[PDB]
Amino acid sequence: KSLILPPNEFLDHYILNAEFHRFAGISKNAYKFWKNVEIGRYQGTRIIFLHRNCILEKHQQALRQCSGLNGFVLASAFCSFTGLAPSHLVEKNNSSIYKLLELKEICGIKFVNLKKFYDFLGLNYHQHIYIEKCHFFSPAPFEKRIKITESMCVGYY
């Protein structure tokens, strides 16, 4: 009913409230007064997502014009989850990581396609990945983790 979304969980079943209430013509907080309401958020932020099932029939039209979010997560959550520095997701900074990632904005909210990144890494969607400069900690004799950039590595636990 009011869930915290784990940061590695895709927003398939959700729409962004900031966008939906504009299409619907309703108030930003109208969802607080529906009776059966399922919402989600990521721990670090208060951006509200509505579960598609709880949308009213009075509003199914506005639902259908909402952006899809299959495989996506909030970009801030992606950086929280992976430990990647949020600067990398700013195009201006010319990050090699930025270029490996499918990004997207809705109402000025930035999303990352975590599902495609997992596929690129060849990992299963339930693994906790981290992204790190290979230089930072490599005790082993050579680097044994997935290396995706001149300087960046990926590990998991």
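Numbers follow the displayed sequence, beginning with 1.
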query: Of 17 to 25 and 143 to 151, the one with larger mean CA B-factor; finding: 17 to 25
query: Mean C-alpha B-factor comparison - 107 to 115 and 52 to 60, higher one; finding: 52 to 60
query: C-alpha B-factor winner, where the candidates are 90, 97, 131, 30; finding: 90
query: For residue 66, the third of its chain into which the C-alpha B factor falls; finding: highest
query: Third assignment of residue 121 from its chain's C-alpha B-factors; finding: lowest
query: Residue 10, C-alpha B-factor rank within chain (lowest, middle or highest third); finding: middle
query: Third of the chain's Cα B-factor distribution that residue 45 belongs to, per the entry; finding: middle
